Structures are given as structure tokens and as C-alpha cells.
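*Asks:* I would like the atomic coordinates for the input below:
(chains A and B)
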Amino acid sequence: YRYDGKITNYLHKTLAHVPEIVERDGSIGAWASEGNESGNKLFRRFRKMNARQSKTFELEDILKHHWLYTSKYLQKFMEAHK
DNA sequence: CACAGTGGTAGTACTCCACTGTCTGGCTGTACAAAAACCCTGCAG
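*Replies:* Residues are numbered from 1 along each chain as shown, chains lettered A, B, ... in the order given. Structure as follows:
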């Protein structure tokens, strides 16, 4: 009664093309939007804490500081080797 | 006549790298005293 002529995009996508793409990419969910998205949280705080702050320079120093946040070289240090 | 921020800059200001001698302040052995703070005992109510 609820699926006669209508199906949500995802229910179809998840019931149809999943085995195929898992066969092809080798895996999925590692490729998820999550690794992006989450980052958005930072973009908010880096727009307050670390912002300049004026419209001109703001994107510049957010972007820079973000890049610095992402780098491995630093995280290596912050592990403190156990 | 909020307030506590917000990063880059250019400003200023201070404080550092070699060459040297010279200075005062400070330590080590025991000897030499004068203060330091009791508690004695001594002499007195």
C-alpha cells in the first residue's frame, strides 16, 4: 500500500546496486561522505576561534589553519609514541 | 559612552652571537667572640 508506485531513492539504491559496487570498488562506506562532513564541525569553530576576523582575510586563515589541523606530521608528534 | 578578543605587520625596543681583561663576591681549613635564649641556681618579697 505504501510501495505500490513509490519508493524512496535510497531504498531502491540499497536494494539494487550495492552488491555490484562492493564487487567493483572492493568496498564502500570507507568512501562515505562522513570524512567530509564531519570536518564541517571544524569549519564552524575555525570560523570563530581561529578567524581573523574580517570578510577579506577570514577564509584565508580558516583554510590555512584547517590544513595545519589535517597534517599527519603533527599528529605523529601528538601521539607521543605511546 | 561595553568588553575581550583576532592574526599579520611594521614598528620599536631590547637582548643576544666573537674577540679581552679586570673586578667583586664568594667559598675553604680553625681561631675568636658576641649575641641568643633557655635553665640553672642564687639571693630576695
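
*Asks:* what about residue A:21, how many residues nearby?
*Replies:* When neighbours are defined as other C-beta atoms under 10 Å, residue A:21 has 13 of them. Where you see a C-beta, it was placed from the backbone N, CA and C, and this is true even at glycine.

*Asks:* so the residue positioned nearest the centre of chain A is in which element?
*Replies:* In chain A, the centroid-proximal residue (C-alpha atoms, centre = their mean) is residue A:36; its distance is 1.2 Å. Element membership for residue A:36, per DSSP states H and E: helix A:34-37.

*Asks:* the helix or strand just after that helix packs against which elements?
*Replies:* Downstream of helix A:34-37, the next assigned helix or strand under DSSP H and E is helix A:39-45. Packing partners of helix A:39-45 (3 or more C-beta pairs under 8 Å, 6 or more residues apart in numbering; DSSP states H and E): helix A:55-70.

*Asks:* so what does the helix it packs on touch, helix or strand wise?
*Replies:* helix A:39-45.

*Asks:* just the CA trace of the helix it packs on, in CSV.
*Replies:* Below are the C-alpha coordinates for helix A:39-45, written out as CSV (Å, rounded to 0.1, in the frame of the first residue of the first chain):
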residue,chain,number,x,y,z
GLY,A,39,35.1,18.3,9.0
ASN,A,40,32.3,20.8,8.8
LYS,A,41,32.2,21.0,12.6
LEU,A,42,35.8,22.3,12.4
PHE,A,43,34.9,24.9,9.8
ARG,A,44,32.5,26.4,12.3
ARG,A,45,34.9,26.6,15.2
